[PDB]
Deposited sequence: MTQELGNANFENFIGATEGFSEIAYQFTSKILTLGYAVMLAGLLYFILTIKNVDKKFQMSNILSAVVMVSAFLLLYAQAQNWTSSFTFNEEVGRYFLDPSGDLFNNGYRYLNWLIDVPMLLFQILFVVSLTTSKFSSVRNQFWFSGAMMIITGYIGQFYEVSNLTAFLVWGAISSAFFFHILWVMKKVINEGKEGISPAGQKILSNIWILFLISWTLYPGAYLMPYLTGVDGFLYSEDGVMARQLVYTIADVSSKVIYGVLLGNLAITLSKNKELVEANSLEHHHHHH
């Protein structure tokens, strides 16, 4: 039994350990992550004056998302460096028994908080036509919670039981597909009877949303995407996972918020 090594990161850390490059790169990409959220926090606060009152709830939710993301990605970053330690003999970083070990809790909590806010906020910028506010809202929130919960359950079994990891990921994916389906409704209805410039921004938002959100399951799967003898079943998978999460974080939270801000202004 390899009892020290909960998740793939710990598993690698406890067995092969991480090269200087993988340790440092992961550390640095996670740092950039939280750095960008803090910048984004200040951006959304400073620019709130640039949109009409009726749209400002969106700016508000952008800012609160930035707070949660800053704190929890900061905590995650520290947890990474705290968890692995240099062995001079071998010249690699190994799971440190006198630490807390790498923990996915920070990110999944961040998701639990941010997903419902990101989905909600667009409903304060665009108008529906034939759909009802309260139904779209409840649909986003329900499927959003279920997506994360099932995903979290899946994550538990990542090393102990890969079959379970993937099955729960598939269940999660179903809730994902529902959310995509509703969002696409929202965007189409939101286009009707706004200026073409605004329609164009909404088109960009749709593609951003679709791509950035799909990165998350990408990064979930990343280490397994070349089989269990594979290039990615390795510290390179860890590096790729964390890189892709961070790109997704910046895209889904910051860029998304900026575009919604921009839409609100064309509607102002």
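Asks: Where does the model have holes with respect to the deposited sequence?
Replies: Several regions go unmodelled: 1, 7, 271-288.
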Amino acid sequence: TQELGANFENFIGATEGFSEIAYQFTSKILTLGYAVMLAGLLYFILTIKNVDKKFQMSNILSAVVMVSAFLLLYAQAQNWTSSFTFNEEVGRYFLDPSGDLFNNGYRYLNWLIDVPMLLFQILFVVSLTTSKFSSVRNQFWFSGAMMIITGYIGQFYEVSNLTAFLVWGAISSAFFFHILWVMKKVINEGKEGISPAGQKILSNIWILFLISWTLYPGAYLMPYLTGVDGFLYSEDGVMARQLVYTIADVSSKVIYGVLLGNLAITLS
From here on, numbers count along this sequence of modelled residues.
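Asks: As stated in the PDB record, which stretch has the larger average Cα B-factor, 206-214 or 232-240?
Replies: Result of the comparison: 232-240.
Asks: What stretch has the higher average Cα B-factor here, 185-193 or 83-91?
Replies: The stretch with the larger mean CA B-factor is 83-91.
Asks: Go through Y152, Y74, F120, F133 one by one and give the residue whose Cα B-factor in the PDB entry is largest.
Replies: The C-alpha B-factor peaks, among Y152, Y74, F120, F133, at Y152.
Asks: Could you say which of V167, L128, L109, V125 has its CA atom at the highest B factor, as listed in the PDB entry?
Replies: Highest C-alpha B-factor among the listed options: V167.
Asks: Would you mind checking where the Cα B-factor of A14 ranks among the modelled residues of its chain, as the lowest, middle or highest third?
Replies: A14: CA B-factor falls in the middle third of its chain.
Asks: Just say lowest, middle or highest third for the CA B-factor of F44 relative to the other modelled residues in its chain.
Replies: Lowest third.
Asks: Within this chain's modelled residues, let me know which third the CA B factor of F142 belongs to: lowest, middle or highest.
Replies: CA B-factor rank for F142: middle third.
Asks: Could you tell me which third, lowest, middle or highest, the C-alpha B-factor of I247 occupies within its chain?
Replies: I247: CA B-factor falls in the lowest third of its chain.
Asks: For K200, return the chain-relative third of its C-alpha B-factor as stated in the PDB record: lowest, middle or highest.
Replies: Lowest third of the chain for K200's C-alpha B-factor.
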